[PDB]
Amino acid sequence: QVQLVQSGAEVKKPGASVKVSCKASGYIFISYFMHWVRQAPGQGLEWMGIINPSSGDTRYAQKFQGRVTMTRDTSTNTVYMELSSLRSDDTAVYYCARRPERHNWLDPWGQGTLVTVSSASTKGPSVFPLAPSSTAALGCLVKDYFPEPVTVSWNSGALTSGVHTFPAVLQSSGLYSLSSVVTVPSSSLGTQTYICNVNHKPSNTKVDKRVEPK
C-alpha cells in the first residue's frame, strides 16, 4: 500500500554533494506533498523542507536554504533531496515522508537513508580477541574499519544467548571500533570452540578469530 522507498546508504567526502531518491507506491503521487527531514544521533529530527510533486514548488527550512534542492520526477514518481557543501555534521539518517488543508503531520515515512560524511577510505576491520582468565566473559574487539556496518556472529551462529554486541564508536582516527562479548560457563573453555566471525561487506572482509585464553 502506502510506501516510500528511498535509496541506499552513501558515504561522502566532506564538501561533496549527495542526492537521495524516494519512490512512492500505493497512492496518487501527484496529490500529496513530500517532506524531507533528517535525524543525527546527536539530536532529534530536523525538518529539511517541503516539495509539491505536481508543481515542483518548494520551501526549505531556514537552516538549509541554499544547500538543499528538492526535485521530483512524475513519470517514475520519485522525489529527490540533494544536499551540498557536506560538512562533517551532515552524517545522519535522511527520511522522506508523505503528507496525508492545513494539516501538516507526515505519514508514512521512508526507510531512511544513512549518509556518512568523512574523508576516511574503505578499510577492513582488524579483529583482536578478548580472552578470559579466571561465569566467564569472552570477547572480540573489531577495530579500525570504515565504513559501518559490521556483522559479528559467534561460532557461525551457534552461540547466541549471553551475547552482547556493542554499538560502534567513531575514534579520533575517523575509523570505527566495536566489541562483542558473551558470558559462558567457566568450565566450557578447554572443551568448546568459541569463534568470532566478523564480516565487513563494504571492504571485502571476512575474518574468523578463535577466542581462547591464557
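Residue positions are given as counts along the sequence shown, with the first one as 1.
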What does the record say about the segment between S134 and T135: how many deposited residues are without coordinates (none, 1 to 3, 4 to 9, 10 or more)?
4 to 9
Deposited but uncoordinated residues in the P100/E101 interval:
1 to 3
Read off the CA B-factors in the entry, average them over 55-63 and over 167-175, and name the higher stretch.
55-63
Identify the stretch, either 123-131 or 85-93, whose C-alpha atoms have the larger mean B-factor according to the entry.
123-131
From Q111, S75, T71, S118, the top C-alpha temperature factor is at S75
Per the coordinate record, which of the options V198, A16, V20, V11 holds the highest CA temperature factor?
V198
Just say lowest, middle or highest third for the CA B-factor of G44 relative to the other modelled residues in its chain.
middle
On the chain's distribution of Cα B-factors, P147 falls within the third called lowest
Compare the C-alpha B factor of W36 with those of the other modelled residues in its chain, then answer lowest, middle or highest third.
lowest
Using the B-factor values recorded in the entry, state whether the Cα atom of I50 falls in the lowest, middle or highest third among the modelled residues of its chain.
lowest
